[PDB]
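Notes to accompany the following structure.
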Amino acid sequence: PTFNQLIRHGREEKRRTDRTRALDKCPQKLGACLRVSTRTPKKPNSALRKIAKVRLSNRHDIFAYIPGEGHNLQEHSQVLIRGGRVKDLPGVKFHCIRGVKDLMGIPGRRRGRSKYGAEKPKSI
Amino acid sequence: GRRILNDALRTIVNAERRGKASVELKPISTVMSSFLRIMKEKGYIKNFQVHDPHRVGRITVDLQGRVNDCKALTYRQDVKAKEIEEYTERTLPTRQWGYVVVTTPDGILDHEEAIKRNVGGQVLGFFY
RNA sequence: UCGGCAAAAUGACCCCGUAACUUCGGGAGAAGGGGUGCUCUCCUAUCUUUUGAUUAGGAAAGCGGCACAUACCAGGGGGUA
RNA sequence: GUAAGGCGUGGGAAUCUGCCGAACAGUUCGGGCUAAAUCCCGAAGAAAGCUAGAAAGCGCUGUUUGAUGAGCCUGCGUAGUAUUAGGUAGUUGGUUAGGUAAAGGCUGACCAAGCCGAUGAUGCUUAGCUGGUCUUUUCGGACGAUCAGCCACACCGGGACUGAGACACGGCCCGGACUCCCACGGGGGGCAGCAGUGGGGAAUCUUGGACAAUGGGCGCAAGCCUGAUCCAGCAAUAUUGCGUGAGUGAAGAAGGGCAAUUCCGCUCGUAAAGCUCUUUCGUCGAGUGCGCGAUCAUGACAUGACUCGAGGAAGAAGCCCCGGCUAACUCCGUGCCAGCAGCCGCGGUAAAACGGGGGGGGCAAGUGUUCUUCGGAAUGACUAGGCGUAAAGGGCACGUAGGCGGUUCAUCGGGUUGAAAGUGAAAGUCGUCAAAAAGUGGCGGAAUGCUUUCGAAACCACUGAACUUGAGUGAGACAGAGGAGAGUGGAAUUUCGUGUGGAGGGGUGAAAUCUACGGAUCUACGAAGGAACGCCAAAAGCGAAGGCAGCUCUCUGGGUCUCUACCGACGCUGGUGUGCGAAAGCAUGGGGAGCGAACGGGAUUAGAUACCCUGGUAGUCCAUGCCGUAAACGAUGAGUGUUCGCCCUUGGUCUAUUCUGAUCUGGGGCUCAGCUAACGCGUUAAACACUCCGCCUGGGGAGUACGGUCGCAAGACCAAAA
RNA sequence: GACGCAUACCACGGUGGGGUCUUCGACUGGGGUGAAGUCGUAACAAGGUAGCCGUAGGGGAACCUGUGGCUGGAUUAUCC
Ligand SMILES: [K+]
Ligand SMILES: [K+]
Ligand SMILES: [K+]
Ligand SMILES: [K+]
Ligand SMILES: [K+]
Ligand SMILES: [K+]
Ligand SMILES: [K+]
Ligand SMILES: [K+]
Ligand SMILES: [K+]
Ligand SMILES: [K+]
Ligand SMILES: [K+]
Ligand SMILES: [K+]
Ligand SMILES: [K+]
Ligand SMILES: [Mg+2]
Ligand SMILES: [Mg+2]
Ligand SMILES: [Mg+2]
Ligand SMILES: [Mg+2]
Ligand SMILES: [Mg+2]
Ligand SMILES: [Mg+2]
Ligand SMILES: [Mg+2]
Ligand SMILES: [Mg+2]
Ligand SMILES: [Mg+2]
Ligand SMILES: [Mg+2]
Ligand SMILES: [Mg+2]
Ligand SMILES: [Mg+2]
Ligand SMILES: [Mg+2]
Ligand SMILES: [Mg+2]
Ligand SMILES: [Mg+2]
Ligand SMILES: [Mg+2]
Ligand SMILES: [Mg+2]
Ligand SMILES: [Mg+2]
Ligand SMILES: [Mg+2]
Ligand SMILES: [Mg+2]
Ligand SMILES: [Mg+2]
Ligand SMILES: [Mg+2]
Ligand SMILES: [Mg+2]
Ligand SMILES: [Mg+2]
Ligand SMILES: [Mg+2]
Ligand SMILES: [Mg+2]
Ligand SMILES: [Mg+2]
Ligand SMILES: [Mg+2]
Ligand SMILES: [Mg+2]
Ligand SMILES: [Mg+2]
Ligand SMILES: [Mg+2]
Ligand SMILES: [Mg+2]
Ligand SMILES: [Mg+2]
Ligand SMILES: [Mg+2]
Ligand SMILES: [Mg+2]
Ligand SMILES: [Mg+2]
Ligand SMILES: [Mg+2]
Ligand SMILES: [Mg+2]
Ligand SMILES: [Mg+2]
Ligand SMILES: [Mg+2]
Ligand SMILES: [Mg+2]
Ligand SMILES: [Mg+2]
Ligand SMILES: [Mg+2]
Ligand SMILES: [Mg+2]
Ligand SMILES: [Mg+2]
Ligand SMILES: [Mg+2]
Ligand SMILES: [Mg+2]
Ligand SMILES: [Mg+2]
Ligand SMILES: [Mg+2]
Ligand SMILES: [Mg+2]
Ligand SMILES: [Mg+2]
Ligand SMILES: [Mg+2]
Ligand SMILES: [Mg+2]
């Protein structure tokens, strides 16, 4: 535009939608599991991904992924929820944090194990 | 008179890139001839003649093949004498060669002379 | 009670305020509110045929009562098929 | 809470100001509170006395002042939203009274109808503002938490009193909600002070010590207060800090991993252990303390620090990663499962990508993950981008505001510019030194600004006199499907009539419906009617665009050329607005040949709501209104200046030297350059520059939803989000 | 100084409209995505009837048809 046009009507910003609107600009949110289930991935991937329907403390209903192999979650279990989507599964935009609240860590995990709540094995 | 000054400087640039020997400028002004005197002093043009400056003025310019670009500002730009050097740093594309022409209360001067005389004013334009 | 049938209520003038919708005419007195008697004193006018005091309207200060359209007369209103 | 009664910055006049500094004058007499007074009242002139314990020392009062604060006003600067266009009625102004310390519609009365608003009032939403913090080659963006300056508030609303100062966080009165006692009549309370507790939350600390220092209140002091502060406690929350050793060491030990099972087979690995040295940090034991913070004196910190001694490598290394982006590879297990994933992608029997072993890489008392900000992102482009074919030129104009726009001479001093003065708080950023060893300070610079004074006079603005090159007129020549009105012409189609004539015509890929012996098609002449105007004729012409075609006449808009004519910058663009605007469609009345949505029939086909055939309504035409949209396209906004040529052509003029040149004017083809992602554009640019407007910011959702305006409707315009 | 249950102003409270938002709602739409189902074959080649724009009508459904416009279609040694 001309300089006079920019004086009259400036420049707006780019419009981009929020990724995790339900976290409400918090790093984590506590929740309680409503339904623990599995979901199949979008093609070309094929598995049975363990997810959980979680109602958050601000009364938002989200789908969160349960990472790792095996979990102890049931209905009405407390889970701490962090951001981060799962690319196989549309509509799943969050993760459950292992080793906090009801979701236990994974013993026997040895590598990358602070992302799975696993302690350091004591040397004997 | 900013529009006719830019018209004349662009006419000079365009016939310069055609490899011509001379141009005719019309309409002219005293600001235009002072800009051309500064250009002649720095060697960018060879010579210029003013014809009938008080009735219907036209200017003949002699060309040498030495100027890349002459521009007149089309907007008001104030500069202080302590501000001239950083403006010239930001305005010349090479930041080394070329001159900024300023209208001062001491007259129309190039930027180095205006720094030396410690006088500010309005930027007319530049050439390099 | 078949059903507010009948009754009760509203009701006048002046001022404020008036919605949905509309064929832009309406709806509309929508709805909802306030004042109203008398005495004195000013102001205005009554196009005063007894013009230096009489009527109408308005301000302002008072007076009495439960009550000032005191009797008589005199719309109930709104929403929706 | 507050979007301007606030804040930042600079000013002003119509005010007050306890304590503090400095002058001058006074400090007299009665009464009242059970008793008195520096308490209250009265008289003069305003007051108030205490102390010979504080006797010329305090205190008070009045008048002049300095200083410091406070109140009031004001210029400039300081959000989003028009899918919010009108708002105001003490409102805007005047007069006169009142009120205030003080100007003032601050408000009573009277008078006028003003005031604010497209340069965005009012409505709605959000928000304390600043110094500054983080990021960033300058600009910007986000933030306004700590700390300091200003403002606002103190459970929620409303008030005033006292006072120099408050409409007062830990004061008073009233109303409200909540709450604690109550002997039941009634009372009491307000942590958004410091600690602390419930609650909410992913998440944020001790119910600590001392007034030693600094600051503050009271007191003549001595002192007394001070959860201001100072200092300890908790928390890897942050910080370019320090440490976890320094050497040596081959039985290359054991053990682990890999291996034609290569060179001690390769590697963990000189790694460990062992041996020698040093003990920072932390640990333990002592000793001086006018070491130091503090001095006349006073030390919470301080169970510290400092100094000395004991001791023994002793007490101190993880986290992420190793397919590519990206530094770092092998074995086993699994077998599109389990799982991984920032992106691209991995896993379906030899997976460097999943999980474990072994090895390795990066950082390191941290390191990853999530959230949030800036950068990379020139990905909202001022710096520094675009719109022919990728997102994006408004269908086209006219014009309001606004923006932008020729020459000379003279004047002036508002902008501009030079210097001086004032201001720009401190802290922070930058420079430098010293200090310190994860810590501090001084002096500068910067603070790009505003006010005042005095210079300058080129530019912008303003004033005056002039100029003619841009715009506009006139005179004289022209061209034109420019527009509107009124007349008129012929060909052809259809229908009808009359002669002659007799068998089909029409139509298809092939057929059939249809039409024809009531005589068609065909042939001659005639009649009626509507619509469109062949040839000319087209890369021609005209119009702003949409558009405009037979001919005549009337009325009329614009354009071109020439001039030793006038006039004198009157110009360009154009938000909001206004107008014009194919076709289809709508309303009323006409008209209706041909064509033809819908529809009927005949066919094709698996079906055929089509394509083909045959009938054919609205419509297509006229008059008057509405609508306001098109691939309304050159998919190219309007304008101005400049840039090598060649070939044509429209309409003029001049020169001609018998056939052409020159110069304007539009319209085309080609091209040197230059430009372009490429195709291509190229004096009618998409070239070299500029002015002004419109528009774009990944795809889909979507030109959809909602709302407003407009329309008789059909719909149109502005136009999202999940 | 009272003081008057004297006027004014005024909070709370009552009441009627506006402006601007918001909870819930029988039912009825739209959009996005998907393995594979049903019906057809609309577009891309002249895509089998060139395609597309505005507008109008018609149809299970893509779509078809008129009308004006566009080329962002292919094919095809100008002739008084
Ligand atoms: K995972
Ligand atoms: K301040
Ligand atoms: K309050
Ligand atoms: K103290
Ligand atoms: K951490
Ligand atoms: K050690
Ligand atoms: K114009
Ligand atoms: K033309
Ligand atoms: K014209
Ligand atoms: K012509
Ligand atoms: K070409
Ligand atoms: K041009
Ligand atoms: K169509
Ligand atoms: Mg009943
Ligand atoms: Mg009745
Ligand atoms: Mg009755
Ligand atoms: Mg009367
Ligand atoms: Mg606004
Ligand atoms: Mg707030
Ligand atoms: Mg701010
Ligand atoms: Mg509270
Ligand atoms: Mg006091
Ligand atoms: Mg007082
Ligand atoms: Mg308190
Ligand atoms: Mg507290
Ligand atoms: Mg909690
Ligand atoms: Mg002190
Ligand atoms: Mg003292
Ligand atoms: Mg304390
Ligand atoms: Mg460190
Ligand atoms: Mg030590
Ligand atoms: Mg010790
Ligand atoms: Mg000491
Ligand atoms: Mg300590
Ligand atoms: Mg690599
Ligand atoms: Mg394998
Ligand atoms: Mg990897
Ligand atoms: Mg792995
Ligand atoms: Mg940027
Ligand atoms: Mg950058
Ligand atoms: Mg730019
Ligand atoms: Mg771009
Ligand atoms: Mg452009
Ligand atoms: Mg256009
Ligand atoms: Mg367009
Ligand atoms: Mg001059
Ligand atoms: Mg000046
Ligand atoms: Mg400073
Ligand atoms: Mg410092
Ligand atoms: Mg320093
Ligand atoms: Mg039409
Ligand atoms: Mg008709
Ligand atoms: Mg049929
Ligand atoms: Mg047909
Ligand atoms: Mg027909
Ligand atoms: Mg359009
Ligand atoms: Mg067209
Ligand atoms: Mg000619
Ligand atoms: Mg030409
Ligand atoms: Mg381009
Ligand atoms: Mg335009
Ligand atoms: Mg539309
Ligand atoms: Mg609508
Ligand atoms: Mg088709
Ligand atoms: Mg097809
Ligand atoms: Mg096609």
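Every chain is numbered from 1 and lettered A, B, ... according to where its sequence line falls, protein lines coming before strand lines. Basis for what follows: all heavy atoms, side chains included, without hydrogens, waters or symmetry-related copies.
Bases D/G289 and D/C290 do not qualify as stacked neighbours, criterion being ring centres under 5.5 Å and ring planes under 30°. Neighbouring bases D/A538 and D/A539 form no stack, their six-membered rings failing the under 5.5 angstrom centre or under 30 degree plane limit. Neighbours D/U28 and D/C29 stack on each other, since their six-membered rings have centres under 5.5 Å apart and planes tilted under 30°. Stacking of the bases of D/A549 and D/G550 is not indicated, since the six-membered rings fail the criterion of centres under 5.5 Å apart and planes under 30° apart. Here E/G68 and E/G69 show stacked bases; the six-membered rings are centred less than 5.5 angstrom apart and their planes meet at under 30°.
Pairing partner, D/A477: D/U560, with both Watson-Crick or wobble hydrogen-bond distances short of 3.5 Å. Remark: D/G694 base-pairs with D/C387. Criterion, Watson-Crick or G-U wobble with two distances under 3.5 Å.
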| task | Using the side chain to side chain contact (heavy atoms under 4.5 Å, CB included) rule, take B/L36 and B/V61 through it: C-alpha gap first, then chi angles, then the decisive distance, then the call. | result | CA-CA 9 Å; B/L36 290 179; B/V61 182; 4.0 Å; yes
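Atom pair A/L56:CG and D/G201:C1' shows a separation of 13 Å (rounding to whole Å applied). Here D/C690 presents its P atom at 17 Å from CD1 of B/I4, a figure rounded to the nearest Å.
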Between the protein and nucleotides 347-349 of chain D, list every N/O to N/O distance that falls short of 3.5 Å.
residue	atom	partner	partner atom	Å
D/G347	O6	A/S46	N	3.2
D/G347	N1	A/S46	O	3.1

Set out, line by line, the N/O atom pairs under 3.5 Å between protein and nucleotides 691-693 of chain D.
residue	atom	partner	partner atom	Å
D/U691	OP1	B/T74	OG1	2.6
D/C693	OP1	A/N4	ND2	2.6
D/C693	OP1	A/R8	NE	3.2
D/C693	OP1	A/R8	NH2	3.4
D/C693	OP2	A/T2	OG1	2.7

Between the protein and nucleotides 567-574 of chain D, list the N/O to N/O atom pairs that are separated by less than 3.5 angstrom.
none

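Side-chain atoms of B/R90 stay outside donor-acceptor range of the base of D/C139, with no qualifying N/O pair under 3.5 Å. Put simply, the side chain of A/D88 and the base of D/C340 share a donor and an acceptor less than 3.5 Å apart.
Listed by chain and residue number, nothing satisfies the salt bridge (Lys or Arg N to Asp or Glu O under 4.0 Å) test with B/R18 (two or more places apart in sequence, or in another chain). A/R109 pairs by the salt bridge (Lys or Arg N to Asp or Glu O under 4.0 Å) definition with nothing, not counting sequence neighbours.
In this structure, the separation between CG on A/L23 and CD1 on A/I62 is 7.0 Å, given to the nearest 0.5 Å. Atom CZ of A/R113 is separated from atom NZ of A/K120 by 5.0 Å, given to the nearest 0.5 angstrom.
D/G375 and D/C396 are spaced 39 Å apart, taking the P atom of each and rounding to whole Å. Taking atom P on both D/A582 and D/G547, the two are 8 Å apart, rounded to the nearest angstrom. When the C1' atom is compared between D/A213 and D/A300, the two are found 10 Å apart, to the nearest whole Å. Taking atom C1' on both D/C340 and D/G323, the two are 13 Å apart, rounded to the nearest angstrom.
Sugar pucker annotation for C/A30: north, assigned from a positive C1'-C2'-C3'-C4' dihedral. For D/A210, the sugar pucker falls north, since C1'-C2'-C3'-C4' comes out positive. Sugar conformation at D/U130 is north: the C1'-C2'-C3'-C4' dihedral has a positive sign, consistent with the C3'-endo side.
Ring orientation note: the planes of B/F127 and B/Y99 are tilted relative to one another, at an angle of 30° to 60°.
Residue whose closest nucleotide on RNA chain D sits further toward the 5' end, between A/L6 and A/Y65: A/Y65. Taking the nucleotide of RNA chain D with the nearest heavy atom to each of A/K87 and B/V31, the more 5' of the two is matched to A/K87.
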| task | List the protein contact pattern of nucleotides 361-379 of chain D with one symbol per nucleotide (5' to 3'): B for base contact, S for sugar-phosphate-only contact, - for none; contact means a heavy-atom distance under 4.0 Å. | result | -------SSBS-------B
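A continuous path of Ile, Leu, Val, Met, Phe, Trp and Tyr side chains, each step under 4.5 Å between heavy atoms, connects B/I59 with B/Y44, placing both in one hydrophobic cluster.
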